[PDB]
Each structure stands twice: as C-alpha cells, then as structure tokens.
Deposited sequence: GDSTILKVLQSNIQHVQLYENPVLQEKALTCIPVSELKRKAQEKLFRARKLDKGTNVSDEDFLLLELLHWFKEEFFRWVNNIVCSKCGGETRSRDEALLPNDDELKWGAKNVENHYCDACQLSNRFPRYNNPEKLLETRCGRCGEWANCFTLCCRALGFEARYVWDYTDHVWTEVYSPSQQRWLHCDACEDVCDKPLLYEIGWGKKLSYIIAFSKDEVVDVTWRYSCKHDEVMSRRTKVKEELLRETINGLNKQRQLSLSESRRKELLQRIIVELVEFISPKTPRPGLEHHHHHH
C-alpha cells in the first residue's frame, strides 16, 4: 500500500540483488586484501584457542572481525562535510539540495548535497550514490554508503549477508555465523560486531521498525535491537502488524519459489533461532563504547 514502510521493503528487496552478482563481486575483490585479512584472522584464531575456555571455534568469524576493521581503517571514509575542491578547507551544508547533473543520476544519486565554501563562494558536490559499484571508487559517505558497500563486501567473500534498514535513519549489516548458528550484528560504520543494543541502549534511540534484506529473505529483525519491546510497539504506528507480516511472507514465499527444498528447510530451521531471540529481550550496559 501507500505506507512508506512497505514501499522501502520493495526497493530494498530489489536493491539487495545487486550484491550477488559475481561481476560486481569480482570488482569488489579487486579492492580487498583477503590474503591479509584472512591471514590475520588465522593468527588471531591460533592464539585464541590457547585459552580454550573460549568456546565455539570462530574462523570465518575472525575473518569477519578483520573485515570490519580493514573497512574502517584502510578502505572507506566518513563524510561530515567534504573539503573544498578549490581551497581545501571547511564547508557547510546548504539545505536546498543540488539537482544531480547526469553522471550522478547514472551512478544512482537522487539527492546531491551542497557543501558550500564561504571563502571561495564555491558549491562543492556531495552526491548520494545508491549504486555500490560507484562506492568502490568514491570510497566514502555516511551510514548508507558504508552499510551498502560493506554488504557487497561481505557477499564478495562468500558471506551470508543482510542489509539492515532502521526506520529512524541508520542502516547496517547482518552476517551469518555458521560457527554460532546465528546472524550477527555488523556495523562497519560504527566498527561494531554483535552488540545489537548499541542503538537503543548506547544512543537512547527510540526504535520502531528494523527490516533485514538478503538474496534469500526479508526479516523483521526489530526485536534483536531492543529490550524495551512495549515502547518499540508503541512507536509501530505506521502500518498494521498483519499487513507488514503478510507482506514479508508474500515476499519470502514468492522469492523462495526458485530455491531448493533443503535450502528452504535450512532457512526454516534458522528462523526458529531468530524468533526465539525476538521473544527473549535482554535486561536493560555502559560500554557500547570503547
């Protein structure tokens, strides 16, 4: 229907197909020093098992932790306001957004930002590229660009990855741990792994709807990110709970028609784990910092 929650489910479901493309994934391996992430993951893996108290194994999980770190440090950059092309100094945001010229539209930028230099009387352009192939080159932006490119990257290394859309304007990634038989919170943008209460408890965020999107599924993952489910419920005033559920089921069932029997069975076995967590809200936690 006309509710915007449902309209974003469909773009995002569409949009997330782009990562699975070994053409783009190829392009995203050109960028990534696996040999080094994967070899630094093994060195942290060998030593961790000296204190075998450390249960699980973790392995592609140690690599996951190197993946985030690399991304934060060597690869992607955070854009506050971009520096002036001319003089190299401070710029400020004009609220009237630039119209995207032409190339910018091609690489998926609908909104372009005016980063004004007062010194130079120069409008600098901060395009807001939806297209992850452009982000491999631009290598910068805010949470949108960071989650969007980091999700292409997970897939690029054979990770099961979701794009996770929070209604209150943050986005991130989920990554499956074969190791731990569960999905894992990944915020490259904030350098955090497997600390889902970062947003509500760390930031004081008043959450509502958080929807995950992968090649296989759409999942309402809201309940992973909260221990105040009653308050979250109160803010879920955008759409009927029936209609949201109906619509994600519809989408999963349509888009699972072309999966295998056993695959579909693996999925239903995992969804039990998630669903149990969603009814197992945590007890409200200083450091979601450090």
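- Unmodelled region of the deposited sequence, numbered from residue 1: 285-289 only.
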